[PDB]
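Asks: I have a structure I would like to understand better, so I am pasting it below and will then ask my questions one at a time.
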Amino acid sequence: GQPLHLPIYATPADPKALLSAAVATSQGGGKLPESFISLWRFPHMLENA
Amino acid sequence: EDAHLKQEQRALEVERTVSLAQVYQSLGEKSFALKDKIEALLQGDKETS
């Protein structure tokens with residue numbers, strides 16, 4: 001009962017290549033607040049800022 | 001400090017002279033001239049005011 005033919009040999013499966021996706025988002029920029037005038041002249045307000 | 005800079009304003013600076021002879025003279029009808037009454041109230045050693 002030993003077969004004369006030799007058995008066929010299986011081919012192993014292909015492994016999966018794990019891949020990541022890196023995307024970026026776009027947040028909208030902020031606008032300016034309102035111009036509020038003050039009492040001070042230029043150099044004092046400049047140094048303060 | 002930002003709340004101060006918002007609430008900062010230009011001030012109006014008014015001087016005023018108060019003459020006490022006019023003040024004690026111009027009153028209700030229980031009024032008096034300042035010089036003579038101070039002279040009498042300091043001269044006399046009485047209760048009077």
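Just so we're on the same page: first chain in the structure tokens is A, next is B, and so on; residues restart at 1 for each chain, and ligands are numbered from 1 in the order they show up.
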With chain A as the partner and 9 Å as the cut-off, tabulate the residues of chain B that qualify, each row holding the nearest pair of atoms and their distance in Å to one decimal, using only C-alpha atoms, sorted by chain and rising number, as JSON lines.

Replies:
{"residue": "B:5", "atom": "CA", "partner": "A:38", "partner_atom": "CA", "distance": 7.0}
{"residue": "B:6", "atom": "CA", "partner": "A:38", "partner_atom": "CA", "distance": 7.6}
{"residue": "B:8", "atom": "CA", "partner": "A:39", "partner_atom": "CA", "distance": 7.4}
{"residue": "B:9", "atom": "CA", "partner": "A:39", "partner_atom": "CA", "distance": 7.1}
{"residue": "B:10", "atom": "CA", "partner": "A:39", "partner_atom": "CA", "distance": 7.5}

Asks: Go ahead and save the picked residues with N, CA, C and O atoms, as a PDB file, in the first residue's frame.

Replies:
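Resulting contents of selection_11.pdb:
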ATOM      1  N   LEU B   5      -5.545  99.273  31.283  1.00  0.00           N
ATOM      2  CA  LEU B   5      -5.292 100.006  30.047  1.00  0.00           C
ATOM      3  C   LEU B   5      -6.564 100.241  29.260  1.00  0.00           C
ATOM      4  O   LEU B   5      -6.670 101.232  28.532  1.00  0.00           O
ATOM      5  N   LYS B   6      -7.539  99.354  29.394  1.00  0.00           N
ATOM      6  CA  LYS B   6      -8.834  99.641  28.803  1.00  0.00           C
ATOM      7  C   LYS B   6      -9.570 100.728  29.572  1.00  0.00           C
ATOM      8  O   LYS B   6     -10.162 101.627  28.966  1.00  0.00           O
ATOM      9  N   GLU B   8      -8.370 103.120  31.309  1.00  0.00           N
ATOM     10  CA  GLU B   8      -7.608 104.343  31.490  1.00  0.00           C
ATOM     11  C   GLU B   8      -8.217 105.459  30.651  1.00  0.00           C
ATOM     12  O   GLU B   8      -8.689 105.225  29.537  1.00  0.00           O
ATOM     13  N   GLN B   9      -8.237 106.674  31.196  1.00  0.00           N
ATOM     14  CA  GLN B   9      -8.818 107.819  30.510  1.00  0.00           C
ATOM     15  C   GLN B   9      -7.971 109.061  30.719  1.00  0.00           C
ATOM     16  O   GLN B   9      -7.010 109.072  31.490  1.00  0.00           O
ATOM     17  N   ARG B  10      -8.366 110.127  30.031  1.00  0.00           N
ATOM     18  CA  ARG B  10      -7.811 111.451  30.269  1.00  0.00           C
ATOM     19  C   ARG B  10      -8.628 112.143  31.345  1.00  0.00           C
ATOM     20  O   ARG B  10      -9.851 112.266  31.219  1.00  0.00           O
TER      21      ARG B  10
END

Asks: Taking the DSSP assignment computed from this structure's backbone, write out as a PyMOL selection string all residues of range 14-46 of chain A that belong to alpha helix (DSSP H).

Replies: chain A and resi 42-46

Asks: Write the residues you've just listed into a file as a PDB file, in the first residue's frame, and include N, CA, C and O atoms for each of them.

Replies:
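Output file part-v3.pdb follows:
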ATOM      1  N   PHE A  42       4.451 106.317  21.876  1.00  0.00           N
ATOM      2  CA  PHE A  42       5.020 105.121  21.269  1.00  0.00           C
ATOM      3  C   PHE A  42       6.049 104.376  22.122  1.00  0.00           C
ATOM      4  O   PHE A  42       5.905 103.146  22.234  1.00  0.00           O
ATOM      5  N   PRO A  43       7.088 104.998  22.723  1.00  0.00           N
ATOM      6  CA  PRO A  43       8.132 104.160  23.345  1.00  0.00           C
ATOM      7  C   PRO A  43       7.692 103.413  24.593  1.00  0.00           C
ATOM      8  O   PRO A  43       8.154 102.288  24.821  1.00  0.00           O
ATOM      9  N   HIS A  44       6.797 103.991  25.393  1.00  0.00           N
ATOM     10  CA  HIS A  44       6.338 103.306  26.596  1.00  0.00           C
ATOM     11  C   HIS A  44       5.508 102.086  26.250  1.00  0.00           C
ATOM     12  O   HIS A  44       5.705 101.008  26.824  1.00  0.00           O
ATOM     13  N   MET A  45       4.605 102.234  25.283  1.00  0.00           N
ATOM     14  CA  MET A  45       3.790 101.108  24.857  1.00  0.00           C
ATOM     15  C   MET A  45       4.643 100.063  24.157  1.00  0.00           C
ATOM     16  O   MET A  45       4.393  98.857  24.287  1.00  0.00           O
ATOM     17  N   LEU A  46       5.690 100.508  23.456  1.00  0.00           N
ATOM     18  CA  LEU A  46       6.606  99.582  22.802  1.00  0.00           C
ATOM     19  C   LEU A  46       7.369  98.739  23.811  1.00  0.00           C
ATOM     20  O   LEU A  46       7.452  97.513  23.666  1.00  0.00           O
TER      21      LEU A  46
END

Asks: Separation of CA of residue 34 in chain B and CA of residue 17 in chain B, in Å?

Replies: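 About the pair CA of residue 34 in chain B and CA of residue 17 in chain B: they are 16.8 Å apart.
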
Asks: Using Å and a single decimal, report how far CA of residue 24 in chain B sits from CA of residue 46 in chain B.

Replies: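 That distance, rounded to one decimal, is 20.2 Å.
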
Asks: Just give me the gap between CA of residue 25 in chain B and CA of residue 37 in chain B in Å, one decimal is fine.

Replies: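 If I compute the distance from CA of residue 25 in chain B to CA of residue 37 in chain B, I get 10.8 Å.
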